[PDB]
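To start, the structure under review is shown below, and the notes come after it.
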Amino acid sequence: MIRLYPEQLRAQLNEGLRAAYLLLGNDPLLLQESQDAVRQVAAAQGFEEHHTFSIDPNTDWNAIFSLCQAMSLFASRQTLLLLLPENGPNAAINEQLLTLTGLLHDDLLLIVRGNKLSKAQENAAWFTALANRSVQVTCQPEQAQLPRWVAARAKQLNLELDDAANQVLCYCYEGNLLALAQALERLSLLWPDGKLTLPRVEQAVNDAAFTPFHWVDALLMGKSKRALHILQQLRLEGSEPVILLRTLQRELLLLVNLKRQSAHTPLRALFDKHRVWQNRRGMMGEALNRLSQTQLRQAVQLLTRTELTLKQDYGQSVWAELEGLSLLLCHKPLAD
Amino acid sequence: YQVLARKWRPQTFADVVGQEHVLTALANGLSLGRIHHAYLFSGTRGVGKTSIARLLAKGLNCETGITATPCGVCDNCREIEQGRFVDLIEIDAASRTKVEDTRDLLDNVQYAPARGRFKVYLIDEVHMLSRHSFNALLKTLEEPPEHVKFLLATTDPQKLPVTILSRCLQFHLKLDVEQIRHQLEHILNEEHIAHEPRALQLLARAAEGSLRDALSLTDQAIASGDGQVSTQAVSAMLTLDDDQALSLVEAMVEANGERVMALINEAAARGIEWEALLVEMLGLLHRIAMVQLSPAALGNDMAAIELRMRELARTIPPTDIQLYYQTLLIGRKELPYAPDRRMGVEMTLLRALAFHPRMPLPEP
Amino acid sequence: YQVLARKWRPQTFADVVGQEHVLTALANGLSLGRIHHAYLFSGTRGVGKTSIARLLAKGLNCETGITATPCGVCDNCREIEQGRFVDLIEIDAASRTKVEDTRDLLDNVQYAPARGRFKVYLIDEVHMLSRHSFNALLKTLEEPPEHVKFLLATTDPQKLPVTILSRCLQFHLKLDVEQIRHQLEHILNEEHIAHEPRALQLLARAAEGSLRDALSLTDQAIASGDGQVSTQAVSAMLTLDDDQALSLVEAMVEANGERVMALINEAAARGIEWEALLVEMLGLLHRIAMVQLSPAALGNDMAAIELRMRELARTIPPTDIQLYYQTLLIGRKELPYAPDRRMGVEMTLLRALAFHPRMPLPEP
Amino acid sequence: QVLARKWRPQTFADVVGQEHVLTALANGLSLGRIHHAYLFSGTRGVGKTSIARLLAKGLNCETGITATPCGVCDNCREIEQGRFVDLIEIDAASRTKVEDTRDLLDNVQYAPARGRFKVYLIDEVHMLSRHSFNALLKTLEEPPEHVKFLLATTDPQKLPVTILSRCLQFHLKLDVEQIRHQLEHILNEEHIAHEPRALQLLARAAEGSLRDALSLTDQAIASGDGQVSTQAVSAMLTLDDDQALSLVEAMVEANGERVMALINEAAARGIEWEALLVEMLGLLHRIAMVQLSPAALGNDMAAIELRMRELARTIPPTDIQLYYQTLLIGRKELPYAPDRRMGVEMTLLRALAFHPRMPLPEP
Amino acid sequence: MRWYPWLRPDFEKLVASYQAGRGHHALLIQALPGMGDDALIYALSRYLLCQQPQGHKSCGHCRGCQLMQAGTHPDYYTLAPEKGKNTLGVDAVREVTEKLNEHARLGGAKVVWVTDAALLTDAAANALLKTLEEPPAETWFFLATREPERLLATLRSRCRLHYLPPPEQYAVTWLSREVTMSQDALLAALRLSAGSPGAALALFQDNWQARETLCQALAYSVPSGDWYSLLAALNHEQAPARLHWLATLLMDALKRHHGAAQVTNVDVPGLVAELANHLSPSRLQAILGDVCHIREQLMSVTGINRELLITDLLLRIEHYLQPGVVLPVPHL
């Protein structure tokens, strides 16, 4: 089972199409492109029929057998795409997959796709069966390679994407690869030129006019002006209030635990421990350094009222409170 | 015979308000013959989603050629603008009563256009298509005929699956209040319809970020102001000037009950929602509390007020600010239990007035 | 044979009170012929939502032509004002046993109007329509016939999906106390019926911004005061005469308990609304507090008790007056939890007595 | 004979507590002013339909249209029995009517068989099926002289303004003691054994309805001895024990141990925790009344007299209010509590702490 | 739905009246959860719905017994609340009222049962009464409610209230059989169930272990001050059941300050002690409430942040503990 990255697929696919291709991961774009790369190569062969069957912990053995009959009685080149469950294959599924895995041959290409399987789910009869015949494509890019991915994707779009610019694009839409790709394509219509310099890219990014994280990232003791700006510019992208509160909560409770651990362990190791420190470190600590143990608390009450005010009258214009909340994370409060 | 909204429908990329980087992209692509099979337009209901799609369909079909500058005169341009062009097939997944539904219309996709270079399918709220037909659109995008274009548009892009988002070029459409006002000011002038500067602002604010709305709001304003667009007819539907919300607090901390009551009676004559007024006061005193710890507490429309707030922030002790914040806080809670809501407010202030730091009430 | 609620049932758009801007709006369209297929009327119950909806349908189908000034005599006008018209289908979405629920009556929609020009559909509170008959309205609104028009009403516009709101020309129907009072005086003055001004204020407060109810309330008052709308006939339907209430306040302040319980017992005899006995006392305490600030505070009919109100004012410390007002309010908070309403009120008072500032209940 | 039926008021003279609403009907009948339709409101239980009858009784009567209907004439007897030709009764809550409202409202314009009026008493008018509903409006704005409409409804709000404006509607609003006092009077005149606390428990149980008050009084007579005794009454509904009082006595001495003890024994006998708190509040109240005018200890409360008065003279009124308040609050938060008993414990321990000269803190 | 042993003495006199005629056509049974309230109603109806009873129980053959074992029967009527909502309807009642107004299909007795009468609509109460006033000859009714006070006085007067928990010594022995655990624990469960042996039993079926986790966390926090450490122990879907647990411990400490002999958490007296030692009776009151009101918002409000709310409860508890702070007082 040649384990490989999305980039590596096209080269392997050239040597020879394998028995099965498992696309395991969470990235919508990555999964699709790999899937498209396999099929584009198959339909070239003679793979006319294409099929997709989704496995649930709820699916009947009668559905598995009924499918087998469908695949087994069809005479020519065909393809089958198994869509793995959201959670991953359970005890029962491992068998139904196993039964299907015994339905293979040269003229029946199997493609399984879902998120990453756990080291446990990977010992499973079905998985180990394809382990010599198949190929696994890890569709899941970390902070260091997000820029590298943007540079790679941009270069194939015939783009001269400057490094600072590249970073700008990265700090905005951090992690939404679908966005970074659209953005690169839009940016190409803007400057037919090809030359994506920082000034150019910067102008178009700011002009386009924000991740709910940019609100928080700003809300981290960074001046309120821009957070209030982003907050009132976050109602212009059609962002629900509720989804904002749970973005603030997650980063807020995180500060609570960290500020609580001073003399518990030096800031350094703590960030690793919480696994979110991914540049956010200096910013997170900058936050910790000017927010008092007590400020942090008050901010938790407000968030709570809001959390209830938004769920008790179910329409009390929480936005107001979000404004008021963003103001507490920058200025010293009182006991009123 | 002419309603402003209809009369100012944009006839070219050149005159749509402020979505520059969308327009350039489209206009460059339209000049270099670079056009994708399908485009998704997203944004809140109001912005010109469908309207920009027209000008692009209008661009792809103008008899002059494929252009970013369609002449508004040839038959293609005229028909597309009236929305009665053979080839600009327009669906709206939103309604339940279409004659032949999307599935049927999408069936003939591979049929060459009867007129003009492309057969353009403009579908509003694609995220509303029934699954039966949605899949029909999904198959077409995987292998679309070079003579067809899909100009999709949606209010909720999230609701769409990657399958479709990966096969379109998304374009989000962001308006600034001072952007809308300038455009209202212009339309009325070309229409010779009377108007007060405050009036257009009370409208620009109202329409949340969208012209489509501003226009319909102004159309209503006209009918109620019977010809004119006056602050009064506009304040008849969309008030704040009559609000002593800050001049009541000033009057409060200044101690001249005479004024404080005069304000309240004035406010009363206007039919206020008494509790909201106590919110405005409590939300103001809180902000003045903030300008005393950091001067960067002055907001996006704090401008008119600015000097008035800034004066309080320095001339009023923080202890006293807390005292007044508390007195109005308590008076808010007591409100619904008072014998009469106005009475609560009147008495709440009388309490601030009785427990005031400087110049409190006298007794023999 | 006539109760004001019917004798003054608005016949013309001129007869309705205070909602100028919604009347003006409908005036224009009924003149210019700018009829929208769907009209949404929102606001609390009691405000003329249904009432104003009739006067629209009264000018839509009127034989005199589409008028903003209907003639009260034509067969169409009379039958409309009497609830019964061939085409005016009045559906209440709050009823549980309709002959055929909304889905059935909406099935006909496409059909022709038997007498009038339009086939009007008055529906009260559509946000409570069964999900089944709700979609039927949707399907009919997207594409409605030229003859059919809708007149939607609601108490809560927010429980209505944006898909509907956007399809109707919405109108928010917002009355003041002395706007109803002034109305009631006028109506009584035109009917040549006697009255006392402090009786009207009570009736004006009684109904809360609901002129229908004000009249209904005024008819009871007439029937029970035998031809006169007297404070002693009114105060009794509802709340103590400002003297009954005023002595209680005095009893309390002099701290003589027997007298207080006696007034409460004597009061129970004429069947009070225990909540009310608290309210009037609070307001009375409120006015005394104001008068200690500005001796000009007292209202005009207060003159009967003006000498007593004024006495307390100068003799009782505002501090003390604040306590009595608090005690009595807090006592109002308690009221529903008290073992018995009459008891909550007695206990609230026995507290004021026990915690009296100048003299209180003693012990060994 | 059962005192529920035997005391149906026959004249406005013997109706209880609706004072104005009858002053308007008595005057209406007297002078001759009778309107097309009367709309009676109020909760279920109150005299709505009862006072409705008495109206028709004062209309159809052979001695003329008077507020004082003779109770013997052939019309009255038939009206009260609930079997009159001209007094047609339609209950809009039933699904099995013979000829539904539409058919009984069909005959409207027809003459009255026996009497001056063909009265229509409709109970729960807001529940009427739509096609008959408008039929009333054809008649209401132009009704014949011989017809009269008596309407009743638990909720006026569900009646379209088309009807609420054409009618002269009356709202029927009783205090506990008001019912207590009537029950007594009936039991005295009826020569039936009764106790004080019984009539209290009986009145309070009937929530403002004399109608039910009597129906409960009748089941107390059947369940217990032919005696309206405390034992019987609190047998249908109450601990019938001095528990509420001793709890108060302990609480005020800051006995905790005994307060928590009592709560437990109490719990073992399956008490209704809210009922317990209510008794305590009532006790705390009388006490304060006794502290103000020493004659306040009432009727069956003679059993406590000594104990009650002892508290009156020993505990500060200022404090007595404090306990009352703290318990009241307790009643509101009672269903907020994880368990009703812990709710009661939360409260009483609360009055023990916020006790002048009571539980204090330590390391 | 399992016939427990304590249900017998009660079941004895309840048939002893249905055999001698003294039977009350309307029966309201009050009982704690898991007290077998379930099984007593059912067991009683099978006795009355028998064509050929054998004395104290049925035969198993007859049409009644068979259609009974088959569940579906023309005389048994289950009045469960409307599926979806937490209350019952005026409709269901009326349709069963008139359902009984006609002759019994098997020629005998007809029976009705309510899940919980304290959950019905106010109108549903009255709608039910009229029928108990006009009792269709030889019919039978069975009301059932945990709390009979929150029931309409006029209604609970028509039925015969019957009090269903057995003495602790018996409940513990019965329990030692169903699960092997220290008796000390066993009693705790019992007391943490108002005496209900059924619920007690269910407390163990990994709950108890989950409860042990709570007392360990608490034992760390109490002396340390770090109450925010409970977050892991409480933040869970079982948050309310857990918050209640934390409350009983709070109560106990409070009771000890007043020298109250009885304690619910006999399981860990060392805890209630230390607790009471480090926390004044006021501080305890304060916490007891927030724990109380916060547990409720979790149960009631559709979907708040379990995490935020609790984090807030926790941190807030710690501020009450700090010297000089003015703790809260109940409202209204």
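Naming scheme: A, B, ... for chains in displayed order of the structure tokens; residues 1 onward per chain; ligands 1 onward as shown.
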(request) For chain C, work out the contacting residues on chain B at 7 Å, counting only C-alpha atoms, and write them as a PyMOL selection string. (result) chain B and resi 95-97+223-224+236+337+339
(message) Which residues are close to residue 52 in chain C, i.e. within 12 Å by only C-alpha atoms, leaving aside same-chain residues fewer than 2 positions away? Reply as JSON, numbers by chain.
(response) {"C": [9, 10, 11, 12, 13, 14, 15, 16, 17, 19, 20, 22, 23, 24, 25, 26, 27, 39, 40, 41, 42, 46, 47, 48, 49, 50, 54, 55, 56, 57, 58, 59, 68, 81, 122, 151, 152, 153, 171, 172, 173], "D": [161]}
(request) Return as a PyMOL selection string the residues belonging to chain A that are within 7 Å of chain B, counting only C-alpha atoms. (result) chain A and resi 28+182+186+189-190+236+238+331+336
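Every chain D residue lying within 6 Å of chain E, based on only C-alpha atoms, is listed here: residues 205, 236, 237, 256, 257, 272, 329, 361 and 363 of chain D.
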(message) Based on the backbone DSSP call, show me all residues of range 76-134 of chain C assigned strand (DSSP E or B), as number ranges by chain.
(response) C: 89-92, 119-124
(request) Mind giving me the straight-line distance from CA of residue 309 in chain C to CA of residue 288 in chain C in Å, one decimal? (result) 6.3 Å
(request) For residue 275 in chain E, list every protein, DNA or RNA residue within 9 Å, evaluated using only C-alpha atoms, and leave out those in the same chain fewer than 4 positions away; present the list as an NGL selection string. (result) :E and (219 or 222-223 or 249-250 or 253 or 270-271 or 279 or 284)
So that I have them on file, write out the residues from the current selection with C-alpha atoms, as a short mmCIF file (atom, residue, chain, number, x, y, z; two decimals), in the first residue's frame.
```
data_model
loop_
_atom_site.label_atom_id
_atom_site.label_comp_id
_atom_site.auth_asym_id
_atom_site.auth_seq_id
_atom_site.Cartn_x
_atom_site.Cartn_y
_atom_site.Cartn_z
CA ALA E 219 -11.86 16.26 47.78
CA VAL E 222 -12.24 21.69 48.81
CA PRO E 223 -8.89 22.00 50.60
CA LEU E 249 -22.94 17.20 49.41
CA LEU E 250 -23.41 20.91 49.80
CA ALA E 253 -22.19 20.30 54.96
CA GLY E 270 -14.82 12.80 55.69
CA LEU E 271 -15.78 14.99 52.74
CA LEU E 279 -16.88 26.84 54.17
CA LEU E 284 -22.30 27.15 51.37
#
```
(request) Could you give me, as a list in words, the residues within 12 Å of residue 110 in chain B, counting only C-alpha atoms and dropping anything in the same chain fewer than 5 positions from it? (result)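 Surrounding residues, per the criterion: residues 105, 118, 119, 120, 121, 140, 141, 143, 144, 145, 146, 147, 148 and 149 of chain B.
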(request) Using only C-alpha atoms, determine which residues lie at most 8 Å from range 316-325 of chain E, disregarding the query and same-chain residues fewer than 6 positions distant; provide the list as an MDAnalysis selection string. (result) chainID E and resid 225:227 279 283 286:287
(request) Extract the full set of alpha helix (DSSP H) residues from range 179-245 of chain B according to DSSP on the backbone, and format it as a ChimeraX atom specification. (result) /B:179-191,197-206,211-225,231-234
Residue subset to file, keeping C-alpha atoms, as a PDB file, in the first residue's frame:
```
ATOM      1  CA  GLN B 179     -21.871  55.003  -0.411  1.00  0.00           C
ATOM      2  CA  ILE B 180     -25.638  54.497  -0.558  1.00  0.00           C
ATOM      3  CA  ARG B 181     -26.435  58.022   0.472  1.00  0.00           C
ATOM      4  CA  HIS B 182     -24.371  59.477  -2.359  1.00  0.00           C
ATOM      5  CA  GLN B 183     -26.300  57.314  -4.790  1.00  0.00           C
ATOM      6  CA  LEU B 184     -29.694  58.265  -3.377  1.00  0.00           C
ATOM      7  CA  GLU B 185     -28.775  61.897  -3.559  1.00  0.00           C
ATOM      8  CA  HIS B 186     -28.005  61.420  -7.220  1.00  0.00           C
ATOM      9  CA  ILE B 187     -31.087  59.439  -8.244  1.00  0.00           C
ATOM     10  CA  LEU B 188     -33.499  61.968  -6.719  1.00  0.00           C
ATOM     11  CA  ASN B 189     -31.720  64.847  -8.385  1.00  0.00           C
ATOM     12  CA  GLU B 190     -32.052  63.216 -11.776  1.00  0.00           C
ATOM     13  CA  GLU B 191     -35.692  62.700 -10.861  1.00  0.00           C
ATOM     14  CA  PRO B 197     -29.838  65.581   3.592  1.00  0.00           C
ATOM     15  CA  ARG B 198     -30.841  64.024   6.915  1.00  0.00           C
ATOM     16  CA  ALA B 199     -33.614  62.144   5.146  1.00  0.00           C
ATOM     17  CA  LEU B 200     -31.348  60.206   2.839  1.00  0.00           C
ATOM     18  CA  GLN B 201     -29.168  59.178   5.782  1.00  0.00           C
ATOM     19  CA  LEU B 202     -32.157  57.873   7.718  1.00  0.00           C
ATOM     20  CA  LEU B 203     -32.783  55.746   4.654  1.00  0.00           C
ATOM     21  CA  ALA B 204     -29.167  54.728   3.948  1.00  0.00           C
ATOM     22  CA  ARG B 205     -28.941  53.494   7.503  1.00  0.00           C
ATOM     23  CA  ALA B 206     -32.290  51.696   7.153  1.00  0.00           C
ATOM     24  CA  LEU B 211     -29.345  49.750  -2.783  1.00  0.00           C
ATOM     25  CA  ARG B 212     -32.239  47.496  -3.939  1.00  0.00           C
ATOM     26  CA  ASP B 213     -33.631  48.105  -0.519  1.00  0.00           C
ATOM     27  CA  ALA B 214     -32.767  51.755  -0.220  1.00  0.00           C
ATOM     28  CA  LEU B 215     -34.750  52.311  -3.414  1.00  0.00           C
ATOM     29  CA  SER B 216     -37.850  50.516  -2.275  1.00  0.00           C
ATOM     30  CA  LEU B 217     -37.624  52.322   1.054  1.00  0.00           C
ATOM     31  CA  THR B 218     -37.386  55.672  -0.701  1.00  0.00           C
ATOM     32  CA  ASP B 219     -40.287  54.674  -2.980  1.00  0.00           C
ATOM     33  CA  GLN B 220     -42.360  54.127   0.120  1.00  0.00           C
ATOM     34  CA  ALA B 221     -41.056  57.338   1.661  1.00  0.00           C
ATOM     35  CA  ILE B 222     -42.232  59.233  -1.384  1.00  0.00           C
ATOM     36  CA  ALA B 223     -45.732  57.770  -1.276  1.00  0.00           C
ATOM     37  CA  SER B 224     -46.067  58.704   2.375  1.00  0.00           C
ATOM     38  CA  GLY B 225     -44.445  62.120   2.160  1.00  0.00           C
ATOM     39  CA  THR B 231     -37.110  63.702   7.415  1.00  0.00           C
ATOM     40  CA  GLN B 232     -40.574  63.632   8.967  1.00  0.00           C
ATOM     41  CA  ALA B 233     -42.167  61.189   6.475  1.00  0.00           C
ATOM     42  CA  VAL B 234     -38.950  59.174   6.560  1.00  0.00           C
TER      43      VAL B 234
END
```
Give me, as a PDB file with C-alpha atoms, in the first residue's frame, the residues of chain E touching chain A, with the criterion being at most 7 Å (counting only C-alpha atoms).
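Result went into iface_22.pdb, see below:
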```pdb
ATOM      1  CA  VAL E 301     -32.927  25.908  28.126  1.00  0.00           C
ATOM      2  CA  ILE E 304     -26.626  26.523  26.117  1.00  0.00           C
ATOM      3  CA  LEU E 308     -19.189  27.941  29.372  1.00  0.00           C
ATOM      4  CA  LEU E 309     -21.999  27.880  31.891  1.00  0.00           C
ATOM      5  CA  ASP E 312     -18.741  30.269  34.926  1.00  0.00           C
TER       6      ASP E 312
END
```
(message) At a cut-off of 10 Å, using only C-alpha atoms, what residues contact residue 66 in chain D? Leave out same-chain residues fewer than 4 positions from it and give the result as a ChimeraX atom specification.
(response) /D:26-32,55,57-62,70
(request) Kindly give the distance, in Å, that separates CA of residue 167 in chain C and CA of residue 83 in chain B, rounded to a single decimal. (result) 20.7 Å
(request) One decimal, Å: what's the distance from CA of residue 361 in chain B over to CA of residue 263 in chain B, could you say? (result) 19.4 Å
